[PDB]
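> Structure here, sequence nowhere to be found:
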RNA sequence: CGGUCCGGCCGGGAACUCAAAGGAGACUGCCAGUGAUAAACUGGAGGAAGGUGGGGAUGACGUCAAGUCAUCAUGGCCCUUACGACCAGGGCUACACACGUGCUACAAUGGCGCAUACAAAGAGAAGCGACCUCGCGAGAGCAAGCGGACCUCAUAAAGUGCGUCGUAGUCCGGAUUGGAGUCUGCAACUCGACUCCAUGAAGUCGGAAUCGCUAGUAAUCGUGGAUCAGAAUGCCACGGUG
Ligand SMILES: [Mg+2]
Ligand SMILES: [Mg+2]
Ligand SMILES: [Mg+2]
Ligand SMILES: [Mg+2]
Ligand SMILES: [Mg+2]
Ligand SMILES: [Mg+2]
Ligand SMILES: [Mg+2]
Ligand SMILES: [Mg+2]
Ligand SMILES: [Mg+2]
Ligand SMILES: [Mg+2]
Ligand SMILES: [Mg+2]
Ligand SMILES: [Mg+2]
Ligand SMILES: [Mg+2]
Ligand SMILES: [Mg+2]
Ligand SMILES: [Mg+2]
Ligand SMILES: [Mg+2]
Ligand SMILES: [Mg+2]
Ligand SMILES: [Mg+2]
Ligand SMILES: [Mg+2]
Ligand SMILES: [Mg+2]
């Protein structure tokens, strides 16, 4: 089996990649587990927006790091190598865990 | 034959399962007197089953997570009302009047910038 | 304070100057910017002019001045009073 | 000290980021330095080219710089001459293999950075600021903008008292979140000081 | 406020007796959000109160509350060059709130050790119609009829 | 009720009335009563005089009122005689441990000294 | 910031990466309880003999664009100002104004 | 359900909680009355939510020649063998005093001791650092697991149950100071934090004066993060009771 972890910032582009790899391993391999969604990391930030002196004047930003977990139960040979050779857009970081 | 309801509160989440029986209350594999060391929470978890007269009528299996003592008691009441309306549905006309079916949406307010709390401003001085 | 397992602390150039004045047997005042060096028992009887930021104040070394550092005997802020 | 940046406020709704990559905290600020140095280099080299938006994207440890420009003929030159000159220095800066694509800017009168740099270049060659603001508005409303606002600031005509001026034609709703407000800002370094130029362009509301 | 008279929020009754008023008393007694302690103090004081009186705990609470409920308070108006203390009839909600507030303040000010001893002694004195809480009720009525010309 | 020179109140418990001794605290008083085998909930009343003699021997194990005050005065006058920074702070009446003297040095400096 | 302060930060990074293995060798000796005390004393005198700029605690994380010693953020390598300018122009991926 | 070392633990199951992604939902939409048949308002009906449901972001033309040439940029002026650059030490922490903002208190709605219950939200590779051992202790050693819904920080405290003190400058309060130490770091004298033993100031609710807050609010209780080798009672966030 292959655990696949997708880390991204845009959830539409990660759901685009997860459904892409599902239809891929659905055609080639067998028993795609599911696009199980994980909790989203929210790395917040808070900065002073004034150059010199305003302690109360601030912006509060964040970065939402969207996680997706997709498992492949029976890896064929073309399932593994042809899906590893298949690549997705940037912003998505894929991370395979074979077994 | 068990009848289910989810109750929620500040940050609590109760899972109530109703079976007909004698009135045995089990919360997280514990008795109500063991679990809530508080008579106000012992009242609010018995309030709808004394609104109707069904304390002795039915047994119940309860799990609850998150929150505190009054939070878990509020979600247990809201789960019990959700499940008694699943049991009968003729009781919604009374539990609405009792204010029980309404989920209390009073979350805590976030701390804001400049303010030491949600609304407390720091101490002011002209000079 | 420092851990005992690290022992005391002293500059190497100070410990060499102490070793020199010991072997030479000279009682010249050793001027030193090492305000952070712990005094050793072999330093007893020496005039060491500790820096203070502005000049070098001479410190005669006593028995009781062993377990301290040289900076304790060189005050850096001069204060006499306001009135 | 009042107004939010309309791009940064529209970045989740109708505007895209100019850098779309992912990294962990170890290689984040290093990628972001490499992006800063390449936007710096490309702006200095293509200063005469009317470049608007340098989009950076890096898949699989390979940088891809998409330059949006009004004319690609001066950016390319001969077929793979100047693009390749800029590509080998991009790969020198980023330390990874590079790839340069060029997206043409249709209607350069409807792009805030191009209008602001045309005004800045005009002020640098000493034209009247009101004439430059007039021609930017008339050209944009002719080319089809639903609303333009321009604004200059400071040391106008060599006057010692710095003041601000602004023109507006059409509706420019900044508080409307789904409004496609193209906003950008240039600076003219005259002999009397620094003249700041801001330009808002409202094309219309995205109905997502 | 300027615009509206408000709609008050609903209070729970107490678990022991079902009384709304006793839970309003434990909220007035409660400091720092510690309701559990003030509920224990009230249930201990009404325990010794019915021990000292043989009545219901609810009945002797209402008796001590009755002998401290004010009927007319005063308020500053100052329409002339100085302050006029004008009387006014007190509605039964504020009558009950001022009573329980005055009882709590006296039980804070007594010199007994336990809070339940200050509150049971103050309620038993209020039922005997003496103590500082009824003396505050008297001094309020006395300034009322000493200012009854203003209306 | 008379240990190490001074008297000791009888109505208090054992650890507290021991802590009346200048040189012991609640810790060392527990170490004393543990070495004497005496329970802590008892008073100085209803103690055997053999128990009080064991207590006197256990207190005599440590350094106390006159010895301890002599040692403290010796350490301070050692810093006084050296003329270190801690000695100068001890004889200027200023705080030793590196606290602020611009504000809030009132424990070492006493009450306020008005500008005359 | 100044040019010389930037030059000091670069010099303190080059020396902190140069002597990094030797300082950990000496600190392994000094921190080792199972060692000769004359060896630990010679090691701590060698560590005095090394330059002061070899320590990682000596150098300060300045802003990578301006050298600003205050307001630094480790994830972006920038101060809070150039963070706000980059987040507003959208040069920082996935970074936007939050509200909750 | 079947099975157990009684631990979802283990076969399993997918309902439930939850995790996200998408969608529905509330619109004066309906009923009645008022109104100038208008706008609209009041009420109740249902409904999880009712009139802006709650909170946030969002700050018009301009004002104060407000603030910042020390984030940066920049016109002009000045220095250029010094107003530039390098190093050590010192200082920015001083101290007759005055003010602001905070923390801890003056206790019995409490200090104590023992036992025990319930959180959310975060951070982690030059990092978080179990378990076990040693130390009263801060910590040390060996050392798994973890780029992390898995592992770690990390046992929430207030609370509850029993006993205790019994109105005292106290078993309140913890300042100050002495001694012994740990850790970080080339290095803790000036000038770090923390621990242990001892020490046990003032203070018994605060003059004139003055501040915040309208509901999950104030009040109170703990938790986490940024910065950071180390160094917060500040700041920014989180939930508990209420
Ligand atoms: Mg402030
Ligand atoms: Mg004031
Ligand atoms: Mg604003
Ligand atoms: Mg003592
Ligand atoms: Mg510069
Ligand atoms: Mg530093
Ligand atoms: Mg409705
Ligand atoms: Mg000015
Ligand atoms: Mg100024
Ligand atoms: Mg200046
Ligand atoms: Mg220096
Ligand atoms: Mg300062
Ligand atoms: Mg104490
Ligand atoms: Mg307790
Ligand atoms: Mg007790
Ligand atoms: Mg006194
Ligand atoms: Mg007292
Ligand atoms: Mg730190
Ligand atoms: Mg940190
Ligand atoms: Mg809170």
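Structure's in. What do you need? Numbering: from 1, shown residues only, chains lettered A, B, ... in the order given. Ligands and ions are numbered 1, 2, ... in the order given.
> contacts, neighbours, all on C-alpha from now
OK.
> Most distant residue from the centre of chain E?
Among residues of chain E, the one most distant from the C-alpha centroid is residue E:81; the distance is 34.1 Å, by CA atoms, centre = their mean.
> In three-state terms, label that residue for me.
coil (DSSP: H, G, I helix; E, B strand; the rest coil).
> Pick out the residue of chain F closest to chain A.
When CA to the nearest CA is the measure, chain F has its nearest residue to chain A at residue F:103, with 24.4 Å between them.
> and what of chain B?
Among the residues of chain B, residue B:114 lies nearest to chain A; the distance is 5.0 Å by CA to the nearest CA.
> one step back: could you check how many residues crowd around the residue of chain F closest to chain A?
Residues lying near residue F:103 (other CA atoms under 10 Å in any protein chain shown) number 7.
> Secondary structure class of it, three-state.
With three-state DSSP as the criterion, residue F:103 was assigned coil.
> what about it, distance to residue F:109?
The span separating residue F:103 from residue F:109 equals 11 Å under the rule CA to CA, to the nearest Å.
> Next, the buried residues of the lengthiest helix in chain D.
Once chain D is assigned using DSSP state H, the helix that runs over the most residues is helix D:28-45. Residues of helix D:28-45 classed as buried under the neighbour-count rule (16 or more other CA atoms under 10 Å in any protein chain shown) are D:28-35, D:37-39, D:41-43.
> how about JSON lines for those residues, with distance to chain A added?
Formatted as JSON lines, the entries for the buried residues of helix D:28-45 read as follows, by distance: CA to the nearest CA, whole Å:
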{"residue": "D:28", "distance to chain A": "12"}
{"residue": "D:29", "distance to chain A": "14"}
{"residue": "D:30", "distance to chain A": "16"}
{"residue": "D:31", "distance to chain A": "13"}
{"residue": "D:32", "distance to chain A": "14"}
{"residue": "D:33", "distance to chain A": "17"}
{"residue": "D:34", "distance to chain A": "16"}
{"residue": "D:35", "distance to chain A": "15"}
{"residue": "D:37", "distance to chain A": "20"}
{"residue": "D:38", "distance to chain A": "18"}
{"residue": "D:39", "distance to chain A": "19"}
{"residue": "D:41", "distance to chain A": "23"}
{"residue": "D:42", "distance to chain A": "22"}
{"residue": "D:43", "distance to chain A": "24"}
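> And those, which is closest to residue E:18?
Distance from residue E:18 was checked for each of the buried residues of helix D:28-45 by CA to CA. The minimum falls on residue D:28, at 61.8 Å.
> Who are the contact partners of that closest one?
With contact taken as CA atoms under 8 Å, 6 or more residues apart in numbering or on different chains, residue D:28 is in contact with D:22, G:75-76.
> now check the helix or strand hosting residue E:119, is it near RNA strand H?
Per DSSP states H and E: residue E:119 is located in helix E:115-127. Yes: Helix E:115-127 comes into contact with RNA strand H when judged by CA under 7 Å from any atom of the strand, the residues involved being E:115-116.
> Determine the set of other helices and strands touching that helix.
Applying 3 or more CA pairs under 8 Å, 6 or more residues apart in numbering or on different chains; DSSP states H and E, one finds that helix E:115-127 contacts helix E:35-53, helix E:57-66, helix E:92-109, helix E:132-145.
> now the helices: where do they sit in the chain?
The chain I'm using is chain A. Taking DSSP H as the criterion, chain A carries its helices at A:11-27, A:77-85.
> my question was about chain C
Listed in chain order (using DSSP H), the helices of chain C are C:12-24.
> Give me the residue at the spatial middle of it.
A centroid search over chain C (CA atoms, centre = their mean) returns residue C:70, at 3.3 Å, as the residue closest to the centre.
> any idea how far that residue is from residue B:117?
Residue C:70 sits at a distance of 49 Å from residue B:117 (criterion: CA to CA).
> likewise residue F:71?
Relative to residue B:117, residue F:71 is positioned 51 Å away (CA to CA).
> swap in residue A:81?
Relative to residue B:117, residue A:81 is positioned 55 Å away (CA to CA).
> and residue 14, how many residues sit next to it?
Since no chain was named, I'll use chain A. As a burial measure, the neighbour count of residue A:14 was computed by other CA under 10 Å and equals 23.
> nope, chain F
Residue F:14 sits with 24 neighbouring residues when counted by other CA under 10 Å.
> ok, now how distant is the residue in chain C that chain E sits nearest to from chain B?
Of chain C, the residue with the smallest distance to chain E, taken as CA to the nearest CA, is residue C:1 at 42.4 Å. Taking CA to the nearest CA, to the nearest Å as the measure, residue C:1 and chain B are separated by 37 Å.
> For stretch E:1-15, which outside residues touch it?
Outside stretch E:1-15, the residues that reach it (CA under 8 Å, 6+ apart) are B:39-40, B:43, E:19-24.
> Could I get the buried residue list for it?
In stretch E:1-15, counting by 16+ other CA under 10 Å, buried: E:13-15.
> Residue of chain B closest to chain E, please.
Nearest residue of chain B to chain E (CA to the nearest CA) works out as residue B:40 at 5.6 Å.
> Now render the buried residues of stretch E:1-15 as JSON lines, adding secondary structure and distance to residue E:5.
What follows is those, written out as JSON lines (DSSP: H, G, I helix; E, B strand; the rest coil; distance: CA to CA, whole Å):
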{"residue": "E:13", "secondary structure": "coil", "distance to residue E:5": "24"}
{"residue": "E:14", "secondary structure": "coil", "distance to residue E:5": "27"}
{"residue": "E:15", "secondary structure": "coil", "distance to residue E:5": "31"}
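> Closest to chain B out of the residues you listed?
Comparing these against chain B with CA to the nearest CA picks out residue E:15 as the nearest, at 5.6 Å.
> backbone phi and psi for that closest one, please?
Recorded main-chain torsions at residue E:15 are phi -70, psi -30, according to degrees, to the nearest 10.
> Show me what from chain C comes close to chain F.
Residues of chain C lying close to chain F by CA under 8 Å from any CA of the partner chain are C:64-65, C:72-73, C:75.
> Switch those over to a markdown table, and while doing so, append neighbour count and distance to residue F:7 to every line.
Formatted as a markdown table, the residues of chain C next to chain F follow (neighbours: other CA atoms under 10 Å in any protein chain shown; distance: CA to CA, whole Å):
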| residue | neighbour count | distance to residue F:7 |
| --- | --- | --- |
| C:64 | 14 | 38 |
| C:65 | 23 | 41 |
| C:72 | 19 | 42 |
| C:73 | 26 | 44 |
| C:75 | 16 | 46 |
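> Just give the number of residues close to residue D:150.
Using other CA under 10 Å, residue D:150 is surrounded by 25 other residues.
> Residue G:50: neighbouring residues, count only.
As a burial measure, residue G:50 scores 14 neighbours (other CA under 10 Å).
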